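Summary of structural features
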Amino acid sequence: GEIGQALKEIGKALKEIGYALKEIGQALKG
Amino acid sequence: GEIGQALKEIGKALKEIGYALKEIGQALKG
Amino acid sequence: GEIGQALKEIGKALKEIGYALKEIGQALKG
Amino acid sequence: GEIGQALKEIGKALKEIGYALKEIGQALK
Amino acid sequence: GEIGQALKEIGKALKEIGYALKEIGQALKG
Amino acid sequence: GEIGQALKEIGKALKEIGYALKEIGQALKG
């Protein structure tokens, strides 16, 4: 439905944020 | 609807947060 | 309504977070 | 109501995250 | 309810994210 | 339900973000 699909896109954006934070952590490790 | 469109804007703000973290990681990397 | 307005405030808070991250990335570039 | 109050608490958590990020920005200076 | 308790767990994770950012801020100036 | 399960995936993504931030903070110490 409308709300569920909108929540799935929010979940997708959060996974992308989580991925970007791992990259940051990798960068800080050298 | 009201709730669906409000969630959509939250989704956009989260994608923008992801983009900004991506840039931070690239700046730390380089 | 109650929920829609509360989701709008959450959306504004995420915009501010996104902005603060852009500021951090701009600092890291300068 | 139940959902609105839980969303207000989520907004409150987002304000503290914003605040911590601004302290991080100034720590980088 | 189902949704209320799910949103309370989301608030809980966000509070943990807040703390984690505080500790980053301390590691940075410290 | 659809919405409750979507919210649990969002909660899990946020716990993953908190965890990545703790790793960043630990890396900024050592």
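Per the PDB record, the structure was determined using X-ray crystallography to 2.0100 Å resolution.

With respect to the interface of chain B and chain C
Listed per partner, the contact involves 14 residues of chain B and 18 residues of chain C. Summed over both sides, the interface between chain B and chain C buries roughly 1200 Å², with carbon and sulfur atoms accounting for 83% of that surface. Sorting the residues of chain B by area buried against chain C places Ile10, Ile17 and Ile24 of chain B first, and these three jointly supply 34% of that buried surface. Inspection of the region where chain B meets chain C yields zero salt bridges. A breakdown of the residues in the side of chain B that touches chain C according to their chemical character gives 12 nonpolar, no polar and two charged.

Thoughts on a nonpolar patch on the surface
On the surface, a nonpolar cluster with roughly 180 Å² of combined accessible area is contributed by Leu28 of chain A, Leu28 of chain B together with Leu28 of chain C. Inspection of the secondary structure assignment puts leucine 28 of chain A in helix α1 (residues 2-28).

Considerations on the interface of chain B and chain A
Facing the 18 residues of chain B at the interface are 15 residues of chain A. Of the roughly 1300 Å² buried where chain B meets chain A, counting both sides, 80% is carbon and sulfur surface. Contact with chain A buries surface across chain B, with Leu7, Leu14 and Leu21 of chain B losing the most and accounting together for 36% of the total. Across the chain B-chain A interface, the total number found is zero salt bridges. Linking chain B with chain A are one residue pair in polar contact. By residue class, the composition of the side of chain B that touches chain A is eight nonpolar, six polar and four charged.

A word on the relation of the copies chain B and chain C
Rotating chain B by 60° and translating it 0.1 Å along the rotation axis places it on chain C, where the RMSD comes to 0.2 Å. Taken together, the rotation angle and the small translation identify this as a six-fold axis.

Details of the packing of helix α1 (residues 2-29) of chain C against helix α1 (residues 2-27) of chain D
Closest axis-to-axis distance for the α1 of chain C/α1 of chain D pair is 9 Å, and the angle between their directions is 10°. Taken together, α1 of chain C and α1 of chain D sit at an angle that is classed as roughly parallel. Contact with α1 of chain C, carried on its side by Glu2, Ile3, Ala6, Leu7, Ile10, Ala13, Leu14, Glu16, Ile17, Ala20, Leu21 and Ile24 of chain C, involves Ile3, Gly4, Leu7, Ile10, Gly11, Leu14, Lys15, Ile17, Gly18, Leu21, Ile24 and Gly25 of chain D of α1 of chain D and no other residues of that element. Here the residues of the contact of α1 of chain C with α1 of chain D are counted per class, giving 17 nonpolar, four polar and three charged.

Parameters and conventions
- Residues numbered from 1 in each chain as written, not as in the entry; some residues may be left out.
- Chains lettered and ligands numbered in written order.
- Heavy atoms only, no water.
- Residues with missing side-chain atoms left out of burial classes, pairs and counts.
- Contact = heavy atoms within 4.5 Å.
- Buried area = accessible area lost by both parts, 1.4 Å probe.
- Salt bridge = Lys/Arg side-chain N within 4 Å of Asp/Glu carboxyl O.
- Nonpolar A, V, L, I, M, F, W, Y, C, P; charged D, E, K, R; others polar.
- Patch = residues over 30% accessible without salt bridge, like charges linked within 9 Å, V, L, I, M, F, W, Y side chains within 5 Å.
- Areas by Shrake-Rupley, 256 points an atom, 1.4 Å probe, with all protein chains shown as cover.
- Helix = DSSP H or I, 4+ residues; strand = E, 2+ residues; numbered from the N terminus.
- Polar contact = N/O pair within 3.5 Å; in protein donor to acceptor, adjacent residues only side chain to side chain.
- Least-squares fit on C-alpha atoms.
- Axes fitted to C-alpha atoms, helices over the stretch in contact; angles between N-to-C directions.
- Parallel < 35°, antiparallel > 145°, perpendicular 65-115°, else oblique.

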